[PDB]
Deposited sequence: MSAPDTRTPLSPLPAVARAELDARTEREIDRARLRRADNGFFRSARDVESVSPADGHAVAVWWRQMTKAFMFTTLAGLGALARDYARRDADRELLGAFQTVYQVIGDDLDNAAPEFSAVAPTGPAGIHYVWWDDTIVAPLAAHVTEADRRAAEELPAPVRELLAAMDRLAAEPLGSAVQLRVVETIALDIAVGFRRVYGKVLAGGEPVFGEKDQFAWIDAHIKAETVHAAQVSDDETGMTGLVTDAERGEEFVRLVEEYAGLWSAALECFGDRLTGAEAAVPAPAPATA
């Protein structure tokens, strides 16, 4: 008979993780990616392509590893009796993943391509990466897929969270905090890509993916005893820490 933690012990867990996202520099003010996406004057097609290829790999990994995380938790609930409040938080994970995988939310079902082309890392690849690729060399395209070390480190932790029953809770809790600021960075940055002084991204609907996301954008409800509460907090710290370092790695490349 699994239950979530009591209400006040769960609210205490929400402050500790909000204080862990603070301590990791993931707010709009404190992370170099967000400022750089505002302050930089323009961005070369090679730089913007490389960031777009890294983002494609990272958001692909996030989608598949959060789903694997949900699966790892499904494995547990198959053998125990979760109470209805836990099942409610479980559905929430399934619904949220369904945006990136299926475009469930109305913000996405409008503009997103149908079928697999609307999976968010594919939609991104098709409408951001691909128009930029035409402006860089084959050698640059190969170089961009050799991911930098802080990007590789985040993907490595994502693969570990794919096997952890709280993995999907840890990943969604941190990524939904920062998702809005990331998509705003991208709207600035990819407006500022000029090939021959001319913007690669000129029309409005070239930003379909970025705009839908800026429009669109509790996980503690999946923590069942106080021990799991502590492994939650620990893993968020590690996870926020690596997300910050990889976002900083974006900023260093735009300058």
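No alpha-carbon coordinates exist for the deposited sequence positions 1-8, 226-237, 276-289, given here in order along the chain.
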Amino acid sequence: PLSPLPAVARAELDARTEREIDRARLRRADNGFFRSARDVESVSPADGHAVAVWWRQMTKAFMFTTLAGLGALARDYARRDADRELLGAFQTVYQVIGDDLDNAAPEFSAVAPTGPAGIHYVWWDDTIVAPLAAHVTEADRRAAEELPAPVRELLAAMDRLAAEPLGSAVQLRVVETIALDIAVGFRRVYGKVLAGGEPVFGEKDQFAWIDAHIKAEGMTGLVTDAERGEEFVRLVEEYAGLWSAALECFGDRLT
From here on, numbers count along this sequence of modelled residues.
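In this text, rigid core is short for the largest set of C-alphas that superpose within 1.5 Å between two forms.
Annotation: of the segments 195-203 and 56-64, 195-203 departs further from this form in 4 other deposited structures of this protein (C-alpha atoms, root mean square over structures and residues, core superposition).
Higher average CA B factor: 218-226, of the stretches 58-66 and 218-226. Stretches compared: 177-185, 119-127. Higher mean C-alpha B-factor in the entry: 177-185. Ranking 148, 165, 98, 106 by the C-alpha B-factor listed in the PDB entry places 106 at the top.
Comparing C-alpha B-factors across 46, 37, 208, 52 in the deposited entry, the largest value falls on 37. Among all modelled residues in this chain, the alpha-carbon of residue 143 has a temperature factor (C-alpha) in the middle third.
Split the chain's modelled residues into thirds by C-alpha temperature factor. Residue 74 is in the lowest one. Residue 133: CA B factor in the middle third of modelled residues in this chain (values from the PDB entry). Among the modelled residues of the chain, residue 86 sits in the lowest third by CA temperature factor in this PDB entry. When all modelled residues of the chain are sorted by CA temperature factor, residue 236 is found within the lowest third.
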